[PDB]
Amino acid sequence: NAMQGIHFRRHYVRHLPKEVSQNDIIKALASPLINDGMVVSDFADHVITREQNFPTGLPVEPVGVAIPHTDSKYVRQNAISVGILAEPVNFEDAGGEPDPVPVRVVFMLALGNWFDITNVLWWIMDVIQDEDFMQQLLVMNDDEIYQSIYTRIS
Amino acid sequence: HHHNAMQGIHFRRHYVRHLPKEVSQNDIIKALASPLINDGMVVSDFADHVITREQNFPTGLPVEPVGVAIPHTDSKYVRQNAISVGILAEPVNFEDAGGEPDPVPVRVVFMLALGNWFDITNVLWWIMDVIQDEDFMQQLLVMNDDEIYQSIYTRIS
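The residue numbers you see begin from 1 on each chain and track the sequence as written, which may not match the entry, and residues missing coordinates are not shown. The order in which chains are written sets their letters, starting at A; the order in which ligands are written sets their numbers, starting at 1. Each side-chain value is worked out from all heavy atoms of the structure, with water and hydrogens disregarded. Residues with missing side-chain atoms are left out of burial classes, side-chain pairs and their counts.

X-ray crystallography is the method the PDB entry lists for this structure, together with a resolution of 1.90 Å.

For chain B, the PDB entry supplies the name Putative phosphotransferase system and the organism Artificial gene.

If you check the PDB entry, chain A appears there as Putative phosphotransferase system from Artificial gene.

Below you can see the structure in the form of structure tokens.
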């Protein structure tokens with residue numbers, strides 16, 4: 001059960017300011033995982049290179065989400081890093097639709113085994129479809145978000 | 001210039017079938033792998049690998065009222081992207097991908113063959129949309145094979 005084994009720590013949650021670009025976001029959210037040795041040193045650029053060709057924007061209402069990740073060979077330990085954006089930043093639609101997704105919540109995934117992605121996505125679906133959960137993520141502070149996701153993971 | 005795996009995926013008419021009541025989880029995986037193996041879309045031992053994955057990383061999804069499974073294995077075992085669909089006569093238990101103790105009573109199986117794991121997000125996003133569409137899913141349990149191919153084919157595009 002990937003969710004039960006995923007590492008999710010207090011310093012894996014952060015709010016990013018309104019200036020951030022998509023690459024800024026990905027880099028900022030990789031930072032904790034890199035420092036914790038969960039992923040390779042250059043993880044952010046592999047996630048960035050993947051995003052531009054295979055985007056990970058999920059058009060969910062009212063709060064758009066993205067789930068950027070890369071190949072399992074770049075992951076040492078399973079983990080999730082969460083960013084809350086001050087203003088929406090467009091990620092391309094994962095479904096191939098032409099209109100961008102105005103993303104406010106980023107779930108960066110670091111999975112050491114691709115057979116785990118099904119458990120993890122299934123779980124992300126449950127969450128991002130929870131309108132009150134997702135809305136509260138836009139008002140909570142880093143502490144509250146950690147406790148809320150941490151509880152949700154179980 | 002939008003990469004979109006559902007657009008490219010090969011879903012042919014003989015990649016839809018009903019199965020008889022007597023089938024086991026493994027019979028199902030073999031029955032669904034066959035046409036893909038026959039078409040050279042996957043390696044000859046593709047079914048073995050899907051079975052091996054299922055044992056430790058189950059692919060049952062507890063959607064209601066119609067349970068589903070999405071059996072698949074590593075990209076390295078796939079030559080051409082495809083989906084192979086099975087409609088079961090009676091439910092067959094698959095273990096819950098989410099890890100709950102209760103098995104999923106599956107009636108529809110969507111075998112996935114993806115040559116690049118970066119495409120699984122697009123495909124699973126599509127699948128989650130379909131299997132949570134309660135009326136679409138009820139129709140698959142009454143439609144014939146031609147109708148099902150038609151229905152899923154339209155839905156893919």
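Moving on from the coordinates now.
Visitor: Would you mind going over the overall build of chain A in detail, with residue names and values included?
Guide: Secondary structure is summarised from DSSP: a helix means a run of H or I of at least four residues, a strand means a run of E of at least two, and numbering begins at the N terminus for each. Along its length, chain A carries six helices and five strands. Based on C-alpha atoms, the radius of gyration is set beside the globule rule, defined as 2.2 Å times the residue count to the power 0.38. Over its C-alpha atoms chain A spans a radius of gyration of 14 Å, differing by no more than 12% from the 15 Å that the globule rule assigns to 154 residues. Dimensions of chain A, computed from C-alpha atoms along their principal axes, come out at roughly 35 × 35 × 30 Å. Throughout, a residue-residue contact means that at least one pair of heavy atoms, one from each residue, lies within 4.5 Å. Considering only residue pairs separated by 6 or more positions, chain A has 71% of its internal contacts joining residues 24 or more positions apart.

Visitor: Which residues make up the pattern of salt bridges, and what values go with them?
Guide: A carboxyl oxygen of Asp or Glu within 4 Å of a side-chain nitrogen of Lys or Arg is what we treat as a salt bridge. A full pass over the atoms with the stated rule returns nine salt bridges over all chains. The partner of A:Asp126 in a salt bridge is A:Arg152, and the shortest N-O contact between them spans 3.2 Å. Of this pair, A:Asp126 sits in helix α4 (residues 117–128) while A:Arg152 sits in helix α6 (residues 142–153), and the two are 26 residues apart along the sequence. In this scheme, a residue with accessible area under 20% of its type's maximum is buried, one over 50% is exposed, and one in between is partly exposed, where area comes from a 1.4 Å probe on protein chains only. A:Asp126 gets classed as partly exposed once you look at its relative accessible area, which sits at 45%. B:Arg155 serves as the salt-bridge partner of B:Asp129, at 3.0 Å between the closest nitrogen and oxygen. With B:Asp129 in helix α4 (residues 120–131) and B:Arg155 in helix α6 (residues 145–156), the pair connects residues that are 26 residues apart, well separated along the chain. A single network of salt bridges, built from pairs that share partners, joins A:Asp126, A:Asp130 and A:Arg152.

Visitor: Account for the sheet that holds strand β4 (residues 82–94) of chain B, naming residues and giving values.
Guide: All names here are of chain B. If you trace the five strands from one edge of the open sheet to the other, you get β1-β4-β5-β3-β2, paired in mixed fashion. Both outer strands of the open sheet, β1 (16–19) and β2 (60–61), are each paired with one neighbouring strand and no more. A pair of strands is labelled paired if DSSP reports no fewer than 2 bridges between them. One ladder, built from two bridges, connects β2 with strand β3 (residues 67–69); its direction is antiparallel. Counterpart to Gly60 in the pairing with β3 is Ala69. Taken strand by strand, helix α2 (residues 25–38) contacts β1, β4 and β5 (104–113), and its axis lies near 160° from that of β4. For every element, the axis is a line fit to its C-alpha atoms; helices are fit only across the contacting stretch, and the angle between N-to-C directions ranges from 0 to 180 degrees.

Visitor: Could you give me a rundown of the sheet that holds strand β3 (residues 64–66) of chain A, with the residues and numbers involved?
Guide: Residue and element names in this part refer to chain A. Ordered in space as β1-β4-β5-β3-β2, the five strands form an open sheet in which the pairing is mixed. Taken across any chain shown, the strands that pair with only one partner, and hence form the sheet edges, are β1 (13–16) and β2 (57–58). Pairing of strand β4 (residues 79–91) with strand β5 (residues 101–110) involves nine bridges; the strand directions are antiparallel. Bridging across to β5, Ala79 finds its partner in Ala110.

Visitor: Would you mind going over the interface of chain B and chain A in detail, with residue names and values included?
Guide: The interface of chain B with chain A comprises 25 residues on the first partner and 28 residues on the second. Per-element accounting of the side of chain B that touches chain A gives the leading share, five residues, to α4(B). Under the grouping applied here, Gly and all other residues not named as nonpolar or charged are polar, the nonpolar ones being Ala, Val, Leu, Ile, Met, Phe, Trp, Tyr, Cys and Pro and the charged ones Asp, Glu, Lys and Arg. Within the side of chain B that touches chain A, the residues separate by chemical class into eleven nonpolar, eleven polar and three charged.

Visitor: Give a description of the packing of aromatic side chains that names residues and reports values.
Guide: Note on aromatic pairs: the rings of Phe, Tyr and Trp (six-membered ring only in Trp) are paired at centre separations within 6.5 Å, and the planes decide the class, stacked below 30 degrees, edge-to-face beyond 60, tilted for the rest. Scanning the model with the defined rule gives nine aromatic pairs over all chains in all. Here the aromatic rings of A:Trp114 and B:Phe118 are separated by 6.2 Å at their centres, their planes lie at 65°, and the arrangement is edge-to-face. Placement of the pair is A:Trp114 in the loop between β5 and α4 and B:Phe118 in the loop between β5 and α4, with the two residues belonging to separate chains. Residue classification places A:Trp114 among the buried residues on the basis of a relative accessible area of 5%. Using a relative accessible area of 17% as the deciding quantity, one classes B:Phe118 as buried. Seen from their ring centres, B:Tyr149 and B:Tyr153 are 5.5 Å apart, and the 50° between their planes marks the pair as tilted. One end of the pair, B:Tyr149, and the other, B:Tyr153, are both in helix α6, four residues apart, so they sit about a helical turn from each other.

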